[PDB]
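Visitor:
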Amino acid sequence: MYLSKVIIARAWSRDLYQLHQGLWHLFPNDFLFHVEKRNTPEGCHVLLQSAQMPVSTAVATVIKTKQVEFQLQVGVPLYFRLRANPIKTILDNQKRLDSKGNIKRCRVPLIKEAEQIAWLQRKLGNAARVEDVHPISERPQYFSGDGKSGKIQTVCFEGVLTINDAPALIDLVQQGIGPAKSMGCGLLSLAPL
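See below:
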């Protein structure tokens, strides 16, 4: 796969919806991204993982691209970073009913750290062991400026893991982890110690 640093012009990266759109246009000939800097004069700085090399547009400038060929062995420790959207489903607390007379089932973010770590370890499964992790609960990202706007609530997991199954870990990196992959979640970044 390819890893690129991309900068999206401010006027074209104001809404969450716009980011994916702008990035999609980089492939004129399925990608993942991680926002590195949300608001600068020149716009939004993104790390972009893709199967094809991106091609700059007028609004999305590819600053640099590097191809990754993986060399993983079992037992190797790696730093990891993953911005994710961990969620679960619960019954509405006020037992509010939907149009068919049923209690509403609501999607909610995981806010308890123990539950966030459990979610991560569950997604990684047989691919790797979490050796150490710090789940940073980030500020939510809103769909619009409207007072009633919904939002996406993310956690940025950072720490160290140890590889247990190389092919399984590669698959996780290629596919991305968890919901909201089109909104800048799911990109699992790895690095040697």
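According to the entry's author numbering, the residues represented by the sequence shown are 1 to 29, 36 to 199, in order.
From the three backbone atoms N, C-alpha and C, an ideal C-beta is built for every residue, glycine too.
Just how far apart, CA to CA, sit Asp171 and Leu194?
Guide: On the sequence shown, residue 171 is found 165 positions in, with the first residue counted as 1. On the sequence shown, residue 194 is found 188 positions in, with the first residue counted as 1. Distance between the alpha carbons of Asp171 and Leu194 is about 16 Å.
Visitor: Check each candidate in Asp177, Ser150, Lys5 and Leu103 and name the one with the smallest Cα separation from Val61.
Guide: To locate residue 61, count along the sequence shown from 1; it is residue 55. It is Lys5 whose Cα lies nearest to the Cα of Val61.
Visitor: Between the Cα of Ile183 and those of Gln127, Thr67, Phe149 and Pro198, spot the shortest distance and give me the residue it belongs to.
Guide: Along the sequence shown, read from residue 1 onward, the residue named residue 183 stands at position 177. Nearest option by C-alpha distance: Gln127.
Visitor: DSSP puts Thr67 in a beta bridge; with which residues?
Guide: Walking along the sequence shown from the start, residue 67 turns up at place 61. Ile7.
Visitor: Alpha carbon to alpha carbon, how far is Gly22 from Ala186?
Guide: For the purposes of this step, residue 22 is taken as the residue at position 22 of the sequence shown. For the purposes of this step, residue 186 is taken as the residue at position 180 of the sequence shown. Using only the alpha carbons, I get a separation of about 16 Å.
Visitor: Are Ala57 and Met1 closer than 8 Å when you measure CB to CB?
Guide: Here residue 57 is taken as the residue at index 51 of the sequence shown, counted from 1. Here residue 1 is taken as the residue at index 1 of the sequence shown, counted from 1. For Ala57 and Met1, yes; Cβs fall inside 8 Å.
Visitor: In three-state terms, what does DSSP make of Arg102?
Guide: The count along the sequence shown starts at 1 and reaches residue 102 at position 96. Correct three-state label for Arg102: coil.
Visitor: Report the rounded CA-to-CA distance for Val161 versus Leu196, giving the unit in angstroms.
Guide: Position 155 of the sequence shown, counted from the start, is the residue given in the question as residue 161. Position 190 of the sequence shown, counted from the start, is the residue given in the question as residue 196. Approximately 17 Å, taken between the alpha carbons.
Visitor: Given a cut-off of 8 Å, decide if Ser155 and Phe163 are closer than it, judged by their beta-carbon atoms.
Guide: On the sequence shown, residue 163 is found 157 positions in, with the first residue counted as 1. On the sequence shown, residue 155 is found 149 positions in, with the first residue counted as 1. Taking 8 Å as the Cβ cut-off, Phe163 and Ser155 do not qualify as a contacting pair.
Visitor: For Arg128, which of helix, strand or coil comes out of DSSP?
Guide: By 1-based counting over the sequence shown, the position of residue 128 is 122. In this structure, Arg128 counts as helix in the three-state DSSP scheme.
Visitor: Please report the distance separating the alpha-carbon of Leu16 from that of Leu175.
Guide: Here residue 16 corresponds to residue number 16 of the sequence shown, with the count starting at 1. Here residue 175 corresponds to residue number 169 of the sequence shown, with the count starting at 1. Cα to Cα, the separation comes out at about 28 Å.
Visitor: Start and end of the beta strand (DSSP E) containing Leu194?
Guide: The count along the sequence shown starts at 1 and reaches residue 194 at position 188. Unbroken beta strand (DSSP E) run through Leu194: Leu194 to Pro198.
Visitor: Where does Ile7 land, buried or exposed, given buried means 16+ other C-beta within 10 angstroms?
Guide: Translated into the one-based positions of the sequence shown, residue 7 becomes position 7. Classification for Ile7: buried.
Visitor: Identify, in the order they occur along the chain, each residue of the same chain with its Cβ nearer than 6 Å to the Cβ of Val68, setting aside the five sequence neighbours on each side.
Guide: Counted from its first residue, the sequence shown places residue 68 at position 62. Within the same chain, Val68 has close Cβ partners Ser4, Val6, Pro60 and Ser62.
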